[PDB]
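Cβ sites come from the backbone with ideal geometry, for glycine too, and all protein chains shown count toward neighbours. The numbers here are math on the coordinates, done by the rules we state, and not lab data.
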Ligand code: HEM
């Protein structure tokens, strides 16, 4: 809180962190795609698609 | 300056056409027929090719064995081929063995036995041919290319025909085919090399005078094809070389754009890594392909028929991870026929073609084939002076205008055989038929 209740210090820190956190989120979103790229997307049948790919 | 092609007719309407060369001692005489597989329907598809086998299986006079002996005794050979629109039967011999060869050809065409026993025997031979074309990859690719480009139309059918027809072709339908199609107004007797025209006309009057004329004689090389943009993929991971053909609808023999299409074809040209000079060719695609090892070979083609054609390229490659680049760079070179070609490329291609069209005819069989092809597609032999004038008439504006209506943003027929995993789907190939920057 930066004090003994929710107040101005809390609001100003939440602003700074609320601005930052979406950038952190974008990095993790990118990481999960790079991790996925080793297997590729799964598909609704659950089988390999290595036999039949589309760009 | 080559000797003049002499041309005469008989009463039935058989054309005789000859070009003498007093420097050779052999002669090619034969019969070019304006008829082929395309004249069959779906039920008797395969008949024309079936007949070609039986033509050498014995006549009313000479049996199969006598026929063999007669040709052996002549000294030369006989040869035949059936295509979609043309059938040819010719005999290469010595100068003075020409009357024998004309007599044998006249016999096998008019008076062939087509004996049920022989039909039944060849029916197995031809059945085995169905499982051995499989090896001739270029032919496999081009037959699939015709089948898809002219989907469910007569030009799309194969020459061999389906297995089903081979088992049901009778001597009746064979006889009917050759009676309807092998008529005098569709036939040309051709002689090249050591032949006298006047001698050949006499031999024609002796042997081919009792040929039927058709009821309605149209001119030689008289034909509606509706091209289908489409693809056949015959993936085979165990083959090391990919074979790919790409084509658009091209030009007929008598198109006004026939020479423009040949010049455009020569701007892309051919390439083969095995030939020493090919790394130094002027063609842009040649340079791209050779520098980057994209292909073992490519061969541009512009195939014509009476009422349509196919214009495109045939590629072979072991570079299986860069097939995409190969196709991409090839189609971007086609784009440049629409956007970029100038007098530089056009005049270079014209120079190369002015010679090429004459160079091709370097023996009696090539000369006979040229007289026969031109007489059965155009109705006349076109003199080299006329050909030189039609080529000279091709400008860069003509090439650009032709490519803009024939290639640019058009559907293609595409066939891939072999390890073609890297060949992208139809849309990505067809998207390279235009350039977003233009
Ligand atoms: C900002 C949030 C996210 C974004 C932009 C995002 C984006 C994507 C994209 C574009 C793909 C590939 C296409 C698709 O399958 O839809 C994907 C696949 C995947 N995502 Fe997400 N994602 C997000 C959040 C999450 C979350 C919260 C999870 C898991 C709890 C998740 C797990 C996965 C998995 C397992 C796949 C692979 C699924 C497959 O193709 O079989 N993602 N994501």
Residue check: is residue A:41 under 30 Å from residue B:233 (Cβ atoms) and in contact with a helix residue (DSSP H, G or I) (Cβ under 8 Å, 6 or more places away or on another chain)? no
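May I ask you to verify whether residue B:161 is touching a strand residue (DSSP E or B) at 6+ places or on another chain (Cβ under 9 Å) and at positive phi? Full working, then the answer.
Values: touching a strand residue (DSSP E or B) at 6+ places or on another chain (Cβ under 9 Å): no; at positive phi: yes.
So residue B:161 does not fit the description; no.
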Within the stretch B:418-436, is even one residue touching a strand residue (DSSP E or B) at 6+ places or on another chain (Cβ under 6 Å), away from chain A (no Cβ under 14 Å) and surrounded by 19 or more Cβ atoms within 10 Å (Cβ to Cβ)? yes
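One residue is enough: does the stretch B:394-412 have a residue meeting the conditions within 14 Å of chain A (Cβ to nearest Cβ) and not in a loop (DSSP other than H, G, I, E, B)?
No.
Here's the yes/no breakdown for (1) more than 14 Å from residue B:29 (Cα to Cα); (2) surrounded by fewer than 20 Cβ atoms within 10 Å (Cβ to Cβ); (3) touching a strand residue (DSSP E or B) at 6+ places or on another chain (Cβ under 9 Å):
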residue	(1), (2), (3)
B:190	no, no, yes
B:200	no, no, yes
B:218	yes, yes, no
B:224	yes, yes, no
B:229	yes, yes, yes
B:237	yes, yes, yes
Determine, yes or no, whether residue A:2 is touching a helix residue (DSSP H, G or I) at 6+ places or on another chain (Cβ under 6 Å), surrounded by 10 or more Cβ atoms within 10 Å (Cβ to Cβ) and part of a loop (DSSP other than H, G, I, E, B). yes
Checking residue B:60 against (1) surrounded by 14 or more Cβ atoms within 10 Å (Cβ to Cβ); (2) in contact with a helix residue (DSSP H, G or I) (Cβ under 9 Å, 6 or more places away or on another chain): exactly one of these is not met. Which one? (1)
Condition first: within 14 Å of the ligand (Cβ to nearest atom) and over 30 Å from residue B:423 (Cβ atoms). Now tell me which residues in the stretch A:6-55 satisfy that. A:21, A:22, A:23, A:24, A:25, A:26, A:27, A:28, A:29, A:30, A:31, A:32
Close pairs from the stretch A:21-49: first away from chain B (no Cβ under 14 Å), partner near the ligand (Cβ under 10 Å from one of its atoms) and in a helix (DSSP H, G or I), Cβ under 6 Å, at least 6 apart: none
